[PDB]
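In structure tokens, the next block holds one chain alone, the form deposited in one PDB entry.
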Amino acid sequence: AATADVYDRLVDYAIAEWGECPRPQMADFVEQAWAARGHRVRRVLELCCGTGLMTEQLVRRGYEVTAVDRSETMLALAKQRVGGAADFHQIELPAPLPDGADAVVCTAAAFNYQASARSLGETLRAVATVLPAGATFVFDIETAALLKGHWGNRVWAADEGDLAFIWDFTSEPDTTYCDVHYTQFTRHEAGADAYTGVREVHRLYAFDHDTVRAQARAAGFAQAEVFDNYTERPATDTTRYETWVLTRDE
């Protein structure tokens, strides 16, 4: 992997080009969601923390954050971003999760990497086991309108001098997913033309509302509220990023 600057500039690109929600607004929404529903939240468990952009917001707002991610490299960058002011663990979902938290969050569409509705339901079960009755789990997912409709088979690319990258999307009409080929070139030194090339490839899956509710209900979240990209707006046909608020059974 590379520096937090690279991943931060990819997030910058997603915000400007595709409408991804900035992390300060994300945390504003989850805090308002907790307040409006009267939840007492002091300890927060964050799934798939990455470089810790949401972890920085949660820590800055005074919460006792526990953050997990399957990459030791991501956990290293996140610990540096927040100065170690959170307990980090290395876990890959679905798997047993830490306990003792009042609320759980999972931002930046990590759930779109889940292969099947089964793997989705398994992750929700992993969260439900470590959630007290009546407590909340907030995550986001990208919709088919974004994966198939907007990204589709188009290409995005940017040359920022020290960093250049290519997003290559492929989408079949008869599927619920799309494949992303990511290519990245980072400059060695400012006074040279040497670059390191790195590539990643992932399949991004879409889950319709009927599936999300069935898996949440089966996992112990009979109550599920969905909103349009960290606002009070309801999700509609043109919604690209859905924010789900799940409430543990009692």
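All residue numbers are counted from 1 along the displayed sequence. Heads up, when I say rigid core I mean the largest set of C-alphas that superpose within 1.5 Å between the two forms.
Just so you know, the form deposited in another entry exists too; it's not on screen, but the next bit is about it.
Superpose on the rigid core, then report which one of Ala109, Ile91, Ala117, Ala145 has a CA displacement of at least 2 angstroms between the shown form and the other one.
So the residue whose C-alpha moves 2 Å or more is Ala145.
Take the rigid core as the frame of reference and indicate whether the C-alpha of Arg187 shifts by 2 Å or more between the shown form and the other one.
Yes.
After a rigid core superposition, would you say the CA of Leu163 moves by 2 angstroms or more between the shown form and the other one, or not?
Where the cores coincide, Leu163 still shows a C-alpha shift between the shown form and the other one that is 2 Å or more.
Honestly, after the rigid core fit, is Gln32 moving at least 2 Å at Cα between the shown form and the other one?
It does not reach a 2 Å shift.
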